[PDB]
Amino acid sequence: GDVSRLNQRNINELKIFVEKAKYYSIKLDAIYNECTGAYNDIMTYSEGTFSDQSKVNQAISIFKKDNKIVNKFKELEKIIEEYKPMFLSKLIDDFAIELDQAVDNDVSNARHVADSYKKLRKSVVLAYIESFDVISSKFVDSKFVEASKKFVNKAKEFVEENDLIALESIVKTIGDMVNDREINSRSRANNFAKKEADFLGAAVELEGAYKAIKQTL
C-alpha cells in the first residue's frame, strides 16, 4: 500500500547521524578558540619576514604540540566516517604533512601551515552538510528530497559567509527538526543576518516536509 516502513527507516538513519554528530559545532569552536591567535600571527608575521620569527615558531607550536590539533580534526572525521569516507582525510593528511615539514625557519612552510589549516576548517563544515546530503538523498519522500537540496545550497552559501557561524546554525536547526522543536526562522544577528535568514527559510521549508512525513507515522 503506502511506504511507511521506508519513511521510518529514513527518519531513523537521519536521527542517528544528528544525535551522533550533536557536539560537532562545539568541537570545531574549541579548535577555533585555540588556533585563531596562532593563525592570525602566522598571516601577520609571515607576510614579510622582518621578522617576529619567535612569534611564528610559537604559533606553529600551537598547531603541532602533541599532535593535539590534528587529533581534534580526526575526532570530527570519526563522527562523519560512516557517511563521507574520504571527504576530510586528504585535507587532514595535507595539514599533517605541512606540520611535519615545518622545522623553522621557513615562512612559506609557515604560510602553508596556515592555509592548509583554514582549508581544513572549511572542509569540516562542508563534511557535515555532505553527510546530510547523502542521508536525505536516501529519502523515498520526493518533497523532503526537493526541500533537502534547497537546504544544502543555502547551507553552503552560509558557509562562504562564515564557516563556524553557518555550522552552528545548521547543527542547531537540523537538531531542532529531528527533536520536534519548532524552528525559529528569524535572525537577530548584526553580522551575517541576510544569509542566516535565507538558510533559516530553507530549514522551515524542510521542517514542513519532515512534519508531513512524521504525521503519517
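Numbering starts at 1 and follows the sequence shown.
Annotation for 26-34 versus 51-59: the higher mean temperature factor (C-alpha) is found in 51-59. As the entry records it, the average C-alpha temperature factor is higher for 89-97, out of 89-97 and 127-135.
Per the deposited coordinates, the residue with the largest Cα temperature factor out of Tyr39, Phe151, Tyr45, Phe158 is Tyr45. Placement of the Cα temperature factor of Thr216 within the chain: highest third of the modelled residues, per the deposited record. Split the chain's modelled residues into thirds by C-alpha temperature factor. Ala193 is in the highest one. Among the modelled residues of its chain, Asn184 has a C-alpha B-factor that falls in the highest third, as given in the PDB entry. Placement of the Cα temperature factor of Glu81 within the chain: highest third of the modelled residues, per the deposited record. The entry lists a Cα temperature factor for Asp141 that places it in the middle third of the chain's modelled residues.
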